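Reading through the structure tokens given below for one structure.
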Amino acid sequence: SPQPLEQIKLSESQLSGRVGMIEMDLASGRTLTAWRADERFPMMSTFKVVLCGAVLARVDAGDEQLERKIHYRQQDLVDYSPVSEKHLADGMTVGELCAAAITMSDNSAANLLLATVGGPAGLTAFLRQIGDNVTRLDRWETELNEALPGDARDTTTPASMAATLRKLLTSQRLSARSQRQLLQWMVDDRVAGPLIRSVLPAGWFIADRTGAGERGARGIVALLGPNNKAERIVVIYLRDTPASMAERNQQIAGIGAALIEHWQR
Ligand SMILES: OC[C@H]1O[C@H](O[C@H]2[C@H](O)[C@@H](O)[C@H](OCCCCCCC3CCCCC3)O[C@@H]2CO)[C@H](O)[C@@H](O)[C@@H]1O
């Protein structure tokens, strides 16, 4: 694989799409690679990590409990509810909802949690309160994945999202237990985590949340590093490409390969 920046370029030329990428040291925030890092991309289900950070902030303040059971109705469900459709009789705890959103990309779970933080406006306000003046959520699942060309709704930038993820995981805005919980949910991703491990060399840590939307939109927010350590945040978004899902996944993986082959920078 070529140098990371060269691979990113090659991915744009092969997808005919825009890639946005950042690579950041988790502990310090040092930016190592940046490509279109101030350009907007749809978040898609990557927003679920920020969502759960807002839930955890409420827990830390005594305004929420991860134990609290929420009962909901079949008419509350939206497209793709693998966990939540199973619990119309017995409900789900707030923490179970978080786990379903982050580890399964359960859309109804995400909407249920969005309701608890004041909807898209409430989550956007939380972002502003942690110093992210760029990321915005405007819609609910699943309309937030529409990815209309040039539409600013439901977008982040790679730089914003990486900084925000670092703030949630490490800045002591959240309690120690809450930071640990958010991290564990990402470690526990079932959508992409196990597949990614199957193709990572021995020794490489992964935690992640992915997203997918229209017009080729695809993304991942990840922690990655050698020696079984979450050394770096890696944020990659794709938009406005007609390519197959397989090829979009391959190109994201190829950027990962470039990082692994050229890690010491
Ligand atoms: O010399 C470095 C390594 O080179 C290869 O490893 C390959 C591996 O065989 C391949 O499967 C992976 O694909 C990349 C898979 C990455 C998928 C997830 C990436 C995510 C992570 C962070 C967010 C962005 C994308 O590349 C590496 C590097 O070439 C060798 O197989 C391995 O023995 C050796 O240790």
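Note that the sequence shown covers residues 26 to 238, 240 to 252, 254 to 292 in the authors' numbering.
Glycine included, each C-beta is placed from N, C-alpha and C at the ideal position.
Three-state secondary structure assigned by DSSP to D176
Reading the sequence shown from its first residue, position 151 is the one you call residue 176. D176: coil per DSSP, three-state reduction.
Is it true that the region 210 to 224 meets the region 82 to 96, where meeting means three or more beta-carbon pairs spaced less than 8 Å apart?
Under the 8 Å Cβ criterion, the region 210 to 224 does not count as touching the region 82 to 96, having fewer than three qualifying pairs.
Give me the Cβ distance between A285 and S26, rounded to the nearest whole Å; I'm assuming they're in contact under 8 Å.
Residue 285 sits at position 258 when you count from the first residue of the sequence shown. Residue 26 sits at position 1 when you count from the first residue of the sequence shown. About 4 Å; that satisfies the 8 Å criterion.
Stretch pair the region 178 to 195 + the region 58 to 75: three plus CB contacts closer than 8 Å:
A contact exists between the region 178 to 195 and the region 58 to 75.
Ordered along the chain, which non-local residues of its own chain (more than five positions away) have a Cβ less than 6 Å from that of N170?
The residue labelled residue 170 in the question sits at position 145 within the sequence shown. Around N170: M69, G238.
Any contact of the region 94 to 113 with the region 127 to 146, i.e. 3+ C-beta pairs under 8 Å?
Yes, since at least three Cβ pairs between the region 94 to 113 and the region 127 to 146 fall closer than 8 Å, the two stretches touch.
Would you say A134 touches ligand 1, meaning its beta carbon is less than 7 Å from a heavy atom?
The residue labelled residue 134 in the question sits at position 109 within the sequence shown. Not one heavy atom of ligand 1 falls within 7 Å of the beta-carbon of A134.
Between the region 196 to 213 and the region 30 to 44, do three or more beta carbon pairs fall short of 8 Å?
Flag = no, the region 196 to 213 and the region 30 to 44 do not touch.
Below 8 Å CB to CB, which residues in the same chain sit around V224 once its five sequence neighbours on both sides are set aside?
Counting from one through the sequence shown, the residue named residue 224 turns up at place 199. Cβ-Cβ distances below 8 Å link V224 to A280 in the same chain, with the five nearest sequence neighbours on each side left out; the list follows chain order.
Rounding to the nearest angstrom, what Cα-Cα distance links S271 and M129 in this structure?
To locate residue 271, count along the sequence shown from 1; it is residue 244. To locate residue 129, count along the sequence shown from 1; it is residue 104. Each residue's alpha carbon lies about 22 Å from the other.
Using CA atoms only, rank isn't needed, just tell me which of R43, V261, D267, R244 is closest to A273.
For this step, residue 273 is matched to residue 246 along the sequence shown. Out of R43, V261, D267, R244, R244 has the C-alpha closest to the C-alpha of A273.
Which runs of the beta strand (DSSP E), 3 residues or longer, sit entirely within the region 122 to 199?
none
Pair within 8 Å by beta-carbon distance, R234 and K73
Start at 1 with the first residue of the sequence shown, and residue 234 comes out as number 209. Start at 1 with the first residue of the sequence shown, and residue 73 comes out as number 48. Yes. Within cutoff.
8 Å CB neighbourhood of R191 in its chain, flanking five on each side removed:
Numbered from its first residue, the sequence shown carries residue 191 at position 166. Here the set comprises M49, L51, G54, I260.
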